[PDB]
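Residue numbers (my numbering), protein chains in the order written: chain D, 47 to 279; chain C, 208 to 411.
Heads up: the structure comes next, in structure tokens.
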Amino acid sequence: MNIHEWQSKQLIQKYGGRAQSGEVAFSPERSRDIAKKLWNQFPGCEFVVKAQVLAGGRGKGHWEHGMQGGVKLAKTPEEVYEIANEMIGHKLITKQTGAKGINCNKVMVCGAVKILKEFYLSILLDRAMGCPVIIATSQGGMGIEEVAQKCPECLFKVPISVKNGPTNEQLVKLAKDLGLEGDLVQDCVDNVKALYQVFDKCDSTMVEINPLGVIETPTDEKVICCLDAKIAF
Amino acid sequence: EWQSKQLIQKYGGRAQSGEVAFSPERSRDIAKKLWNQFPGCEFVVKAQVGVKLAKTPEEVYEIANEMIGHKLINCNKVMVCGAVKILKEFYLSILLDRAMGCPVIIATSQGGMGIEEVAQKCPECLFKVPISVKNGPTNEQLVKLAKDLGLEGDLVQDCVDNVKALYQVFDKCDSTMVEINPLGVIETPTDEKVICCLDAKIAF
Ligand SMILES: Nc1ncnc2c1ncn2[C@@H]1O[C@H](COP(=O)(O)OP(=O)(O)O)[C@@H](O)[C@H]1O
Ligand SMILES: [Mg+2]
Ligand SMILES: [Mg+2]
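In structure tokens:
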């Protein structure tokens, strides 16, 4: 099976990648404390509550009891408790679910960040070719399988040699084709190179980052960051 | 500070309490977790009873290793504060003015130095606001003080709210002084301007 979001981001960081793993919470009280302690470091910052359930379309979905969205903004730790209280212990309905619901027993609480660009990127083991291949496109919010059927020319594909792995020219070109420029290019290479170090050194089948974004830091420094992660085995 | 900075938060005020660390290793961890919540953020390391900017958890470790167990009374603990974008520096204090026998609120737009120096060279920079201990600070007075410092929009009301919470720490603690140097206008990670107490001192 695939591991949860915040678990994937953690492994990505364990190999030198920048990802917003936030902090998990198995209760709405715990989630409130997380946002509260974070206000000590960045007072006035908003928060984002992300249901931890193995299925896509969380931002699109909704909850039975009236709440809309699996990824919702929160202005205060109290709002974090509200949202979290409606998530933990309830069922979420997304596109991958139809209407059978998925039991949500935990959520992830991360700080609200300003996003400048959103990209798709994944490291897939092309079995037909027996080699890894890197997919990407400048259409973060859309979905990989949706874009593929309607626009496969929207995707950039880069087969990877199993020996040396990524080629610095391959990665530099991919970052350049995605519209990146300046320090974000090398930063994108560093993270993407870390994604392979996660893909290969962990015997993984897929490392999907949707969206891989250009975010601003609290001091407004642009840095590549994985705002979502799925790792299949 | 931790007690005070929490008291402001206890009574409904914004205060960057950061987090204390009793060793360079601990300091490096605090900065690491913050990169899970706001990746790429910088950090500020404060030596507790001086302040250097750090770009990475490893830099924080370096700076902490220079402080803990060294000069500037001995320093045996540091406070790791996320690097927040600070726009304006203000100074604000509440005092039992023995001369007038009533609480008074002093404030200036030069929050980068001791109040002693500002008065001498610039006496126009300070703003006295005598407060009736019973009637307390009146909304009219605090709004007048807010606009006296160059605040507009939600900040004007945002200032009034924090000033009130500070007087409660002064009233409900019977404290002789409540000093906020600096009181900053800060941008949140999403570029929202808010008032925040960046340093606190409570005496008796
Ligand atoms: N920390 C964050 N701050 C602001 N927006 C965020 C943050 N994390 C995620 N988002 C936004 O929320 C959207 C939905 O989250 P995501 O993890 O992609 O869920 P899903 O793709 O399953 O719907 C993302 O596409 C992104 O635009
Ligand atoms: Mg996603
Ligand atoms: Mg910004």
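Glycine included, each C-beta is placed from N, C-alpha and C at the ideal position.
Can you list, in chain order, the residues of its chain whose CB lies under 6 Å from that of residue i, leaving out five sequence neighbours each side?
i, result
"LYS60(D)", "none"
"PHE377(C)", "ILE301 and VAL385"
"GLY219(C)", "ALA372"
"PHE72(D)", "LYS152"
Cα separation between residue i and residue j?
i, j, result
"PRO257(D)", "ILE49(D)", "17 Å"
"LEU352(C)", "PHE297(C)", "12 Å"
"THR122(D)", "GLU132(D)", "16 Å"
"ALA254(C)", "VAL287(C)", "9 Å"
"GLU227(D)", "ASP304(C)", "59 Å"
"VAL251(C)", "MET320(C)", "18 Å"
"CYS332(C)", "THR265(D)", "29 Å"
"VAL238(D)", "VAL363(C)", "45 Å"
"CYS91(D)", "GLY357(C)", "23 Å"
"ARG78(D)", "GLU124(D)", "7 Å"
"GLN348(C)", "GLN317(C)", "20 Å"
"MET47(D)", "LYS83(D)", "33 Å"
"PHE245(C)", "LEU405(C)", "19 Å"
"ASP249(D)", "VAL193(D)", "27 Å"
"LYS247(D)", "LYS203(D)", "22 Å"
"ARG104(D)", "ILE215(C)", "37 Å"
"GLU128(D)", "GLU191(D)", "33 Å"
"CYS197(D)", "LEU299(C)", "60 Å"
"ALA120(D)", "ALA261(C)", "29 Å"
If you count every other CB in all the chains shown that lies within 10 Å of the CB of residue i, and 16 or more means buried, which is it?
i, result
"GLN195(D)", "exposed"
"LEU100(D)", "exposed"
"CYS366(C)", "buried"
"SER207(D)", "exposed"
"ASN86(D)", "buried"
"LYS152(D)", "buried"
"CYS403(C)", "buried"
Going by CA-CA distance only, name the one from the options that's closest to residue i.
i, options, result
"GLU110(D)", "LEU100(D), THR143(D) and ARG78(D)", "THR143(D)"
"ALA372(C)", "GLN210(C), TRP209(C), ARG221(C) and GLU208(C)", "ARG221(C)"
"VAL159(D)", "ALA130(D), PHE279(D), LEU170(D) and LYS118(D)", "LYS118(D)"
"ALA174(D)", "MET154(D), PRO205(D) and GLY189(D)", "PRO205(D)"
"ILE280(C)", "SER230(C), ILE301(C), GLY257(C) and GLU269(C)", "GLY257(C)"
"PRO212(D)", "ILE181(D), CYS150(D), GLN87(D) and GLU227(D)", "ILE181(D)"
"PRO74(D)", "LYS83(D), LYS106(D), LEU84(D) and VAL126(D)", "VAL126(D)"
"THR251(D)", "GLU191(D), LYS276(D) and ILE190(D)", "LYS276(D)"
"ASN342(C)", "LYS239(C), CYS403(C) and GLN375(C)", "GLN375(C)"
"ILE255(D)", "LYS146(D), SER77(D) and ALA278(D)", "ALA278(D)"
"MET113(D)", "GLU92(D), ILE190(D) and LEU138(D)", "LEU138(D)"
"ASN346(C)", "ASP368(C), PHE334(C) and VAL325(C)", "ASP368(C)"
"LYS222(D)", "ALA145(D), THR183(D) and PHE72(D)", "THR183(D)"
"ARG233(C)", "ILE215(C), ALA261(C) and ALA271(C)", "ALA271(C)"
"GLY107(D)", "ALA145(D), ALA120(D), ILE134(D) and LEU167(D)", "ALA145(D)"
"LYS141(D)", "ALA120(D), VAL179(D), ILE134(D) and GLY102(D)", "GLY102(D)"
Give a yes or no on whether the minimum CB-CB distance between residue i and chain D is below 8 Å.
i, result
"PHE245(C)", "yes"
"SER224(C)", "yes"
"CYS248(C)", "yes"
"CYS329(C)", "no"
With a cut-off of 8 Å, does the C-beta of residue i fall near any C-beta of chain C?
i, result
"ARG64(D)", "yes"
"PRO264(D)", "yes"
"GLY157(D)", "yes"
"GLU267(D)", "yes"
"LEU84(D)", "yes"
"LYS160(D)", "yes"
"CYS271(D)", "yes"
With a threshold of 8 Å on Cβ separation, who are the neighbours of residue i within its own chain once the five nearest residues in sequence on each side are excluded?
i, result
"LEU294(C)", "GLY391, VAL392, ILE393, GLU394 and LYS400"
"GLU69(D)", "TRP52, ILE80, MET154, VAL155 and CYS156"
"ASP229(D)", "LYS268"
Quick one: what's got a C-beta closer than 7 Å to residue i's C-beta in the same chain, skipping five residues either side?
i, result
"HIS136(D)", "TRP109, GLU110, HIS111 and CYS150"
"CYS309(C)", "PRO337, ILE338, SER339 and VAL340"
"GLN56(D)", "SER67"
"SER54(D)", "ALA275, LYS276 and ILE277"
"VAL311(C)", "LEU302, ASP304, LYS335, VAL336, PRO337 and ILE338"
"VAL218(D)", "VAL231 and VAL235"
"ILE275(C)", "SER230, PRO231, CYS282, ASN283, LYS284 and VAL285"
Which residues in chain A sit within 7 Å of residue i, going by Cβ to Cβ distance?
i, result
"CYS234(D)", "No chain A is present in this structure, whose protein chains are D and C."
- What residues sit near ligand 4, counting only those whose C-beta is closer than 7 Å to one of its heavy atoms, in chain order? Ligand 4 is not part of the structure shown, which contains ligand 1, ligand 2 and ligand 3 as its ligands.
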